[PDB]
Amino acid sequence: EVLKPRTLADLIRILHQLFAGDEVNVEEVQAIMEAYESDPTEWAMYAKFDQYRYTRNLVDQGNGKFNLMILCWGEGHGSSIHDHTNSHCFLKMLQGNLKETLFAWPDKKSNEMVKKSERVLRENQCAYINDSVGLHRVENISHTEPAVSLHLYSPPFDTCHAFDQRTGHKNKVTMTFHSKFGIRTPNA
């Protein structure tokens, strides 16, 4: 019953329809993204890794409605604890596996941060998060294999906050692209 995109190209086309409006059905988007069968032949042009940290690779600008990007996690690479600047955020596995740890939001008080949930995203699985759901950290589970994920943010955003697990203090972080449309960006 779920519309199954047969290619990354089909999926992008479907996403343009699902975000053409002002409403967006989260479970519907989640199911269609999950239904797409990851095919490395179709997204290898975006799979540009860096030795020391993960990379963000823009695939499609979604007519200003959303950003679609591919994130490449080297061996052992992970993110900090961050928020998502009041946007919808979908992340689907394209290769390997990521461990998502959901964190609760900190008070004004300084305290160790509390884990709310911990899981591994399976092959082709699509997960969903926004700021009302919680904060999270994402990491490659493997020290011998990469992980690759497909992320969709609506509306688009280029700033977020990173959180110190020990205190809950946060810092604003401007997010950058490693590449856009298969083309490396100036200055990593």
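Quick note: we count residues from 1 along the sequence shown, nothing fancier.
Relative to one another, 95-103 and 110-118 have unequal mean CA B-factors, and 110-118 is the one with the higher figure. Set 24-32 against 140-148 and average the Cα temperature factors; 24-32 ends up higher. In the PDB entry, residue 125 places in the lowest third of its chain by CA B-factor. Per the deposited record, the Cα B-factor of residue 155 falls in the middle third when ranked against the other modelled residues of its chain.
For residue 54, the recorded CA B-factor ranks within the lowest third of the chain. Only modelled residues enter the ranking. Annotation for residue 40: CA B-factor lies in the lowest third of the chain's modelled residues.
In this PDB entry, the Cα temperature factor of residue 67 sits in the middle third of its chain's modelled residues.
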